[PDB]
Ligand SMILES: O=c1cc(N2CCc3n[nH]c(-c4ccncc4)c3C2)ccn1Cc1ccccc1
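Below you'll find only one chain, the form solved without the named molecule, shown as structure tokens.
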């Protein structure tokens, strides 16, 4: 069995000539030569079975990626695992090799307005599909937007995804949250569990801002700091927006802050296309009920050269506490289609 950094990475005989990429979110990633399709691919080794949280996230990711089929969403090409539950200790997920990601690109490359426009279009087209499936991604950020050498953009990492549940979105002030801090919507810190589509649009708006300047717009260092970054640019919420926040601790926190005026986008982003900044404003709207929706964003004048709703498909099959032993069996079942025979 082939080794990579002295750990087993046994994908053969189909996958050979391995090169290390990284130590992943949790699990090692290599490129490898696919000897069937005659192209290099990406492979991630996952070893989740001792922990119910890792079983849950792995199962969730696999079920979603296998159900989805869209040019702006990473697909699963193959899944390698043992023929029996008892022998199954790792799972290998095979994807198209994506040479970079928006995180890497932003650390080194100035993006043209044409690239920003194209990347935003692709993000929203993929997101239209995800949301049409009643799914929230909940961890959109540059490193979760993969790109290949022709700049095809594919959303990945559905580990924190959920079925949308607006009727159970409410919670109290300072309720703990798991998704990446810099791309969290203001309401997460105030009164939201992140079970509405508007959570994802905020993250997209953060990404657009980042594309414009190569720097995160709201780099908070700790839970409440993230909200305070947001308010520093958007300015104090209006009375009407505060009236929407019934929770007293959340509303009173916002009323305790000194009045702060809006920082105009065109001062933050003096080289930006004016239509890009109009769309940015609408995605980075404090009130989630007033925030633009994905399909509305696609129809925005900024994207008019790409907008084509007939070429922006929706999902055919929208989605509607298990011990790790049951989750292992479900992962075994979910990966069965890739085993030799059919």
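Numbering follows the first chain given and starts at 1.
Although not depicted, the form solved in complex with the named molecule is the subject of the following passage.
Q: Where the named molecule sits in the entry with it bound, superposed onto the shown form by the site's C-alphas, are 3 or more of its atoms within 2.4 Å of backbone or C-beta (blocked), or none (open)?
A: Blocked: the placed ligand clashes with backbone or C-beta atoms.
Q: Since only the chain is shown here, I'm wondering whether residue 292 would be in contact with the named molecule in the entry with it bound (any heavy atom pair within 4.5 Å).
A: The answer is no: residue 292 has no heavy atom within 4.5 Å of the named molecule.
Q: Any chance residue 322 has a heavy atom within 4.5 Å of the named molecule in the entry with it bound?
A: Flag for residue 322 set to no.
Q: So, residue 24 and the named molecule: in the entry with it bound, are they within 4.5 Å at any heavy atom pair?
A: Judged by the heavy-atom cut-off of 4.5 Å, residue 24 is in contact with the named molecule in the entry with it bound.
Q: Contact between residue 133 and the named molecule in the entry with it bound at 4.5 Å, heavy atoms?
A: No, no contact at 4.5 Å.
Q: Pick from 164, 98, 230, 250: which residue has any heavy atom within 4.5 angstroms of the named molecule in the entry with it bound?
A: When the named molecule is considered in the entry with it bound, the option within 4.5 Å is 98.
Q: Would you mind picking the one in 206, 120, 185, 146 that has a heavy atom within 4.5 Å of the named molecule in the entry with it bound?
A: So the residue touching the named molecule in the entry with it bound, by this definition, is 146.
Q: Establish, in the entry with it bound, whether 69, 124 and 197 all lie within 4.5 Å of the named molecule, using non-hydrogen atoms for the distance.
A: Zero of three within 4.5 Å in the entry with it bound.
Q: Please pick out the stretch from 221-229, 124-132, 255-263, 138-146 that is in contact with the named molecule in the entry with it bound, where contact means heavy atoms within 4.5 Å.
A: Contact criterion met by 138-146 only.
Q: At a 4.5 angstroms cut-off on non-hydrogen atoms, which residues of 55-71 are near the named molecule in the entry with it bound? List them in order.
A: Stretch hits: a single one, 61.
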